[PDB]
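Structure at a glance
Take a look at the letters that make up each chain.
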Amino acid sequence: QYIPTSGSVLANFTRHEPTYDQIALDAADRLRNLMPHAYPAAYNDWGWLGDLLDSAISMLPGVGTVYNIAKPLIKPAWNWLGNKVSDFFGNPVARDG
Amino acid sequence: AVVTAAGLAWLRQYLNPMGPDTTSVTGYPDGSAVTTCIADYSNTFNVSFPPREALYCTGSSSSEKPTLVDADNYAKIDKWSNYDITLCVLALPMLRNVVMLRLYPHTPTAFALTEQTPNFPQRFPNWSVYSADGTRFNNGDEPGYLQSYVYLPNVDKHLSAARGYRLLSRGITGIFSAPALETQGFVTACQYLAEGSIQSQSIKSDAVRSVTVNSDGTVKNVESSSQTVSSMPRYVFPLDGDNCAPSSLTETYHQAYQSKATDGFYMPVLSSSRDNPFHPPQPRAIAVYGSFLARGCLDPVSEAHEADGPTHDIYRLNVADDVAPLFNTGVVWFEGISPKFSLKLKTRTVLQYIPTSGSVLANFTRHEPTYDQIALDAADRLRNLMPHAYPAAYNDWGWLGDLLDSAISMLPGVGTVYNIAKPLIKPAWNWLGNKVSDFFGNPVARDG
Amino acid sequence: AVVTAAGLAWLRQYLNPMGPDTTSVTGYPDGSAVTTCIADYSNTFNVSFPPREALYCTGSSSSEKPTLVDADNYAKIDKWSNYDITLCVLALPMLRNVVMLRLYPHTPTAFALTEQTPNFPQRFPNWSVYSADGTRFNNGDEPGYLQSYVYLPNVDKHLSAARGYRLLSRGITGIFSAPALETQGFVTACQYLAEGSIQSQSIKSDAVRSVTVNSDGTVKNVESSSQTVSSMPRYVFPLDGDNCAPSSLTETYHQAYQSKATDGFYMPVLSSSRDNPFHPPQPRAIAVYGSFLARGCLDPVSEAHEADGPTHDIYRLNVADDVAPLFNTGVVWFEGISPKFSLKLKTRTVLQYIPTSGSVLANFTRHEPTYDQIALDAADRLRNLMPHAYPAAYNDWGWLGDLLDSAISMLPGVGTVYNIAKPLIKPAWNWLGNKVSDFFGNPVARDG
Amino acid sequence: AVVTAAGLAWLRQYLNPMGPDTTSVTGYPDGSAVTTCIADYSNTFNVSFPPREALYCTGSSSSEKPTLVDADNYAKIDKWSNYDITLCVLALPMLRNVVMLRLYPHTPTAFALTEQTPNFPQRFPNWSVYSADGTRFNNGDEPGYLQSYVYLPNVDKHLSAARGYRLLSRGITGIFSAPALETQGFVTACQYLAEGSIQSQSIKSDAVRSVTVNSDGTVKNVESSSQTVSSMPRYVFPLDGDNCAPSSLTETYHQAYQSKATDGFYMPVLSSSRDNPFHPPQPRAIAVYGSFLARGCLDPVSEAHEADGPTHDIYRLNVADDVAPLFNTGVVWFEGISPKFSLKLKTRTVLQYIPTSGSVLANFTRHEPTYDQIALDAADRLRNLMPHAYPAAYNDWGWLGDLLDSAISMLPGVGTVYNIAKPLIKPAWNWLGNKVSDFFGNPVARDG
C-alpha cells in the first residue's frame, strides 16, 4: 500500500475505502504461529482456509464470539516427504499436482 | 433480473462524472475477463485573457523557427479587451487535448478552421493567434482569434504503456467568474455525435512533362504525373463547422443547455453506442472535414473532370491523438462575457487500460470484471433523455440513481421485478427563466 | 410493453412505401430528440425504347467535346428493335440517381461494367451507348447496350441544405404495358446487401529513370517512382456483377420474386441493420468492385511481386452521390419483353433531414420525436421473411399491419401482453402458377 | 421461447468444433433464406524439427531467383537442436493459411516481424529462415528463427467458386509427443480480438528537383514530388507483437490456458460479435501493425513535420487472403520443449458458402435455413466465460450442452420457461496443479 504524493502517478489509482476490522488482525496474530512456513509449489487454494481455519480461529480471540462452535482444530501433520499429509482438521491431503 | 451494485456505480459515474457522490471508479460492466487498470484524471485550469508573453504566431513566420511571440500587435488584442468577448470551448473525443479553447472579439458565424496547417499549435497556458480573414497569422496581420489546446500529459504517459484502452466517462466543468458589475453574457452548450474515421484526402501529384532539347540524349520525358492520389491517412471528424454557431445549436438540439454566463456549465460527455470495446493505442493526426467547392461529377461531366469531383476540404489540426470512438463531441459558447473574466475549467476523465507486462500500470490492477446487461440497456435508453449540460454548481442531482435509473430500469424489455417505480414526466430545463422542473416535476430551486 | 401508433406507422411506411394506406410520413422511432424534417419524393418516369435524339456516345469521341449523339449507327439499335429485348433496372442505395436502367438486345450472362470511366453518363430521358465488347462506345463501333440514370433533383437541392440525413424508406414500382399480342416476357426481382465502403484502388505511379548525357549537369536522374500508390478514395460497392444474371439470382435467393412481365414489380427496398443513425451529407464518387486477375501474393512469390498482388478491378461510374448505408441493393430483370414496351416507373423515397439554420427545410419541421423499441425489433425480425418484390398492383396487403406485425410482435424477447395473435405459416409466393398463399395460408386471388 | 435443435447443434459445433459428438454440420441460426453449402475442412499435419531440404532463405538472396535452400548454415540450426527449443503457433483469422508456425532457439521477448517484405514465404512442409537481428536471412547470416504457413488448398478452390462466405467455427488441436525422458516444457494458449481493417501506410514519393543546365531547353525542373502518399491498401491486423510473449499473455488474460507440454492444446477459436453476416470473397494482402518511432505531431511541431507524424510500422507478410472478421486471434507457445518433439496439428474449419451458379458447390446444397435468437444470445453471453484452450485430449466435455448451455439459457432477457436449471459457479482451470474444477464444481480427473 502507498500514500501517493500530490501530482504523482499513484494519485491516479486511488482506493478511498478505509475499512476497520480488529477481529481480522487478532485472527492473523493468532494464526501466525500455526501456519506452515511453506507448501508444495502446486498447493494453492487450500480447502481448509477461509471459513474453516479462519472461522475456527475466530472465536478464540477474547470472547468476541457469536457462533458457539465452528470446528475443533487438531494439530496437522505436514509430512510432505512420506505422503502422509493431514490438514488442520484431520482431512487427508491427496496429491493433486 | 435486477441491476447490480457495480452496474449502478458505473451508471452513476458515466452520467455524473463530477458528482460528489462518485468517489470510487468502476469498470465497464461487460465481464471482459481481462486484467484492467482504471485511471482517473482530474485537472484544473484557470483560463483568462492571455498576456502578450503567451501568444504565438501560426503563419509562415514560425515556419522552421519555433513559435514566434507577438510583437506589439498585442495592441489590437487589447482593443479586443476594451469590449465584450466570446469564448468557445470544443471538447472533441480526443484523449489527450481534452478541450480546445478559442477567444473571439465577437461571436463568429461559424467555427472556422484554416486551410493551411498551423505552425506549432500551443498548449493551454500559451495561445496561438489566427488572422481575421480565416488564415494563419504572421506578425503584422489583423488578428482574428486565439486558439489553445488543453493537454493532459499523464494520459499520454499511461497510453504509451498500455495494450488496450477504452474511455469510461468524461466531464467538463466551467466555473465562471467576473468582477462585480461585469457579470453579463450567456452560456450555451451542446453535445452531438461526430463519428470520425481514418480517411485520406485527394491530392494532386506534381508532374514532369518535359520535351527536352538535349544534345543527343533528348528523352522528351513527358511523364504525366498529374494524377490524383491519396494523402496520408488521418483521423477526420465530420464536425459541422458551419453549423456550430450558438444560435444554430440552440435551434437544432432540444437538450441543448442555455443559461446566464455566471451559471457556468457542467457537461458530462455521453457515448452514442451501447458497446465499449477495448482498442489498441494508435495515435494519428487529427483533421476536420470542411465543405466541397467544385461540384465535379455531381453534374454530368467529362472523364477528365471526375478527378475534381466533390472533394471535401480537410483541415489539418497539426495535432496527433487517439480518439474515443462513439463518444459525443461537446461545444460550449460564452457569448458577450466581460474581457476580465476568469474560467476555472475542471475536467475529469476516467478510462480503463489493459496494462502491458512490466509497465507501471501493472502495479495498479483491478481483478474484478463484472457483468451487467441491465445497466448497459438503461444507459442506452437514457442517452436521449439526459440534458447536454447543467449549471456548473448542479452536481449531485436528487432525481438520479434510484428515481431516474430505477424508473428507466423496468422499461428495457420486460426484465422487471418491481411493478411501478415512478412515472416519468418530460422535464423543463429552462435555466434562463428559473422555471426549472426535474424529470419528475419536482421544482429545482437555485442552490448555487 | 406494446407497440405505439407511431411505431406501427413507421413499420407500415417502411415495409409498404407505396401502399395506399400510407398517407402521412413518420420518422424513425428512436427518440433522436433533434429538429427533423421528413421529405417524401414521389417520381414517375415513362421509359420506352429511346429515339435517336436521346442516345449519346461514351467513348473517347465525347472526351472533351460534350455528349455526342449517335450518327446513323441507330440502324443497329433498330435491328435490336426487331426482336425481343431485355431491360435491367438496378437500384443501388444512392440517394440521387435512384435507379440505373439498362437495355440489352438479349439477356447477358453478367452485369458488366467498363474498365474505362465513361464520358458524360446520361440522365433518364437521355441514354448512353456501350459497345458489345464490354468497352465504351464511339461512333462506328458495335453497340452492346444502353444505360441511363434516373435522377431526382429535389433530393440534391435538399441534401445541400441539411446537416444530417437518413433514409427512412424507398420503394420502386414498375407498371409494365405492351401492345396486345405482345405481352410476352418474364420479370425477376431480388434484393441483397452490398455493403459499400470508402476505398482506394492500387495504381502505379509513373517513374523517371533517366541516365542523361547532359554536357556537364548530367544528373543521371534515376528517380524510380514505379511504386504502387493509392488512388483517390471512392465509395465502392461490392456488387457481384458476375452473379447478377436473372437465373443466378433466382437460384440463390429464396425470397426472389418471379412473374410474367405484365405483372410488373413493386420492390420495397429494405434495410439490413437494426439502427439508422443520422449521417452528414458527403457526396463522393461511386464505383463498383470487379474481380482480380493476377493472383500475386496469393501464391509464394518474390518481394517485387507483392505489389501486383490480388488487386480487384474498380469500375468507376463517373457519378457522385451519398449512399444510404445498410440498405439493400435491388435488381430487376425484364427478359424477353416486346421492344415496343412501356414501363411506368414510380419511385417513392422518404427520408429524414436535420435542417441547417436559415435553410429552406427549417420552415417544415416535425418537433415530435417518438421512441419505440418494439417496432425496431419487429422490423429486424421481419427483415428475413418479407418477399423481395410483389406484382406491381399488389399494394395494400391484407395480411400486413395487425396480422403480420402483430403475430411477429410477441416473439421479440417475451415483451408480450397478448398471448396468441395468429400462428404464422410459410407463404408460397408462386406468382407464375397463380398458386399464391399469404403468410397465414389465405389464398391470394388476382385482383389486378 | 425455447432453444431449437438446430440452434443447439450450432452452439455445440461453435463451442466444441473438434468434439466427437459433433458429427453433422449446421448453419448459422439466422434464417438467411439463401441457398447455402456448408463445407468442413479437417486437416492433419505432423510438424517436427525440419531437415535441411525444407529450409529456404528470405533475404535478397531469393530476390528474383526462387527460394534458395540453406547451404551448410544448417550447422547452426543443429546447434539449436542441441538444446531445448520454443515453438509458437499463431492462428490469425485468415481462411487459407490457418496457422503460422515459428521455431525459436529460445523464448523471444516479443513476436517480431521483419520490416522488409520476405521473399517466397514457405508453406508448411517447407520453412523459411529469419535472421537473429530481426531481419531477413541470406546465406551466411546468423539464423534467428524458422517460420512456416499451414495452407489449406481446398479452401482456396472453394472460395474461388462462391459468391459469399462466412466462417462458422474453427478449432486447432496440438497433440504433443516426445521421446521418453524428454517430456519437459510448458504450453500456453490465449485468444484475443485483433480487429483488422483495410488500411494504407504513409509512404514517401521520390521527387525530381533538377535545376538543369541544358543548352537552351534548360527546364530547371524542380518538381517537388517529396510528398507523403498512401501505399496500396492492405488488410492490417492490430496484433500486439510486443505483448505476445507467453508471460504477458498469462498475466493479461484470465481465461488463458497453461499446462505441461505433454498435455497439448485444443483451442476453439471464438467470435467476438453476435452477428455473422455473409461477405463476398475478396483476397487481399495481409499485414500486421507495428509501433511508431517518430512522435511527429504528437508534440507541437511545424507544418513541415506533420507528414512525419506518428506513423505505425506496417509489416507486410507477403501473403494474400480473406479474413473472417470479428473472430479471435489465437496464439500458443510451447516453451522449453525437446528438439526431438513431434506435434500433430489437427485443424477443423467449418464455414458456409453461397454457391455461384454452375459451380461445384451448387451440387452440395442445404436448403434448410433455420432461425434461433436464443442460441445467438447464449453464444454471445458465453463468449466471456469459456476458457481459451483445453488439453489436447479434453474433448466431449460433460458440462456442455444441457448444463452449461441450459444454465446460461434462462439468463438472456427473461425468455425463460424452465425456472432453475443449475447454479453456475466460477470454474478453476488449474491444469498445471491437477486441481481442475468444471463450471459446476465437479472435479475433472485426468482421462487422457
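Looking at chain B in UniProt, the text filed under Sequence similarities (unreviewed entry) is "Belongs to the peptidase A6 family." The UniProt entry for chain B carries this comment under Subcellular location (unreviewed entry): "Virion".

Our next topic: the sheet that holds strand β8 (residues 186–192) of chain D. All names here are of chain D. Judged by pairing direction, the sheet is mixed, and its eight strands sit side by side in the order β2-β5-β6-β4-β3-β19-β8-β15 without closing on themselves. Because the sheet does not close on itself, it has two edges, and the strands there are β2 (55–57) and β15 (257–260). Strand-to-strand twist across the sheet, computed as the mean angle between neighbouring axes with direction ignored, equals 20 degrees.

Bringing the environment of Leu168(C) into the picture now. Residue and element names in this part refer to chain C. In this structure, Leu 168 sits in strand β7 (residues 162–177). The spatial distance from the C-alpha of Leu 168 to the C-alpha of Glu 195 is 18 Å, given a sequence separation of 27 residues. Not counting residues up to four positions away in its chain, the partners in contact with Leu 168 are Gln 13, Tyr 14, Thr 26, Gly 27, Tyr 28, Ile 38, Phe 327, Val 350, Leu 351 and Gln 352.

Residue and element names in this part refer to chain B. Together, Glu 115, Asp 133, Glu 142 and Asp 313 make up a region of like negative charge exposed at the surface. As for its position among the elements, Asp 133 is in the loop between β5 (127–131) and β6 (143–150). Residue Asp 133 is classed as exposed on the basis of its relative accessible area of 55%.

Now for the relation of the copies chain D and chain B. When chain D is brought onto chain B, the operation consists of a screw motion whose angular component is 119 degrees and whose axial shift is 0.0 Å, with 0.0 Å RMSD remaining. Such a combination of rotation and displacement between the chain copies is what one expects of a three-fold axis. Of the C-alpha atoms belonging to chain D, the one lying closest to the rotation axis is found on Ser230(D), 3.2 Å away. Mapped onto chain B, only 13% of the interface residues of chain D again fall at the interface, so the copies present different surfaces.

Relative to the assigned elements, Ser225(B) resides in the loop between β12 (222–223) and β13 (228–230). Among the residues examined, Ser225(B) registers a relative accessible area of 7% and is labelled buried. Of note is the side chain of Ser225(B), whose polar atom sits 2.7 Å from the side chain of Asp206(C). Each residue touching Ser225(B), except ones within four places of it in the same chain, is listed here: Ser205(B), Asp206(B), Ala207(B), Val208(B), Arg209(B) and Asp206(C).

All names here are of chain D. Listed in full, the buried residues belonging to helix α1 (residues 5–15) are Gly 7, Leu 8, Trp 10, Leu 11, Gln 13, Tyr 14 and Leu 15. At its buried positions, α1 is contacted by β7 (162–177), β16 (266–269), β20 (342–355), α5 (373–382) and α6 (404–409). Sitting at the head of α1, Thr 4 places a side-chain oxygen 3.3 Å from the backbone nitrogen of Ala 6.

A separate point is helix α2 (residues 74–82) of chain C. Residue and element names in this part refer to chain C. Among the residues of α2, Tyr 74, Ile 77 and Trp 80 are the ones counted as buried. The buried residues of α2 all sit within an arc of 95 degrees when viewed along its axis, so they share a single face. The inward-facing, buried residues of α2 abut β2 (55–57), β3 (85–91), β4 (99–104) and β6 (143–150).

Moving on, we get to the nonpolar core. In terms of nonpolar packing, the biggest core is built from 88 residues, with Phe265(B), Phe334(B), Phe341(B), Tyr353(B), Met386(B) and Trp399(B) touching the most fellow members. Beyond its immediate chain neighbours, meaning those up to four positions away, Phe341(B) contacts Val47(B), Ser48(B), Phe49(B), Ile85(B), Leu87(B), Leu103(B), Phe176(B) and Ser177(B).

Residues and elements named next belong to chain C. Two numbers describe how helix α1 (residues 5–15) lies on helix α5 (residues 373–382): the axes approach to 9 Å, and their chain directions differ by 25 degrees. On the basis of the axis angle, α1 is roughly parallel to α5. Crossing handedness for the pair α1 and α5: right-handed. Contacts between α1 and α5 pair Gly 7, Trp 10, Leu 11, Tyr 14 and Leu 15 from the former with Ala 375, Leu 376, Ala 378, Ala 379 and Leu 382 from the latter.

About the cut-offs
- Residues numbered from 1 in each chain as written, not as in the entry; some residues may be left out.
- Chains lettered and ligands numbered in written order.
- Part of a larger assembly, values for the part shown.
- Heavy atoms only, no water.
- UniProt positions renumbered as here; feature names shortened; annotations may be inferred.
- Pairing = 2+ DSSP bridges.
- Helix = DSSP H or I, 4+ residues; strand = E, 2+ residues; numbered from the N terminus.
- Axes fitted to C-alpha atoms, helices over the stretch in contact; angles between N-to-C directions.
- Contact = heavy atoms within 4.5 Å.
- Patch = residues over 30% accessible without salt bridge, like charges linked within 9 Å, V, L, I, M, F, W, Y side chains within 5 Å.
- Areas by Shrake-Rupley, 256 points an atom, 1.4 Å probe, with all protein chains shown as cover.
- Salt bridge = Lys/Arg side-chain N within 4 Å of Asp/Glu carboxyl O.
- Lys, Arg positive; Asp, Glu negative; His and termini not counted.
- Charge placed at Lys NZ, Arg CZ, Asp CG, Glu CD.
- Buried < 20%, exposed > 50% of the residue type's maximum accessible area, 1.4 Å probe, protein only.
- Least-squares fit on C-alpha atoms.
- Polar contact = N/O pair within 3.5 Å; in protein donor to acceptor, adjacent residues only side chain to side chain.
- Arc of directions from axis to C-beta.
- Core = buried A, V, L, I, M, F, W, Y, C linked by side-chain atoms within 4.5 Å.
- Parallel < 35°, antiparallel > 145°, perpendicular 65-115°, else oblique.
- Left-handed = near helix turned anticlockwise from the far one by under 90°.

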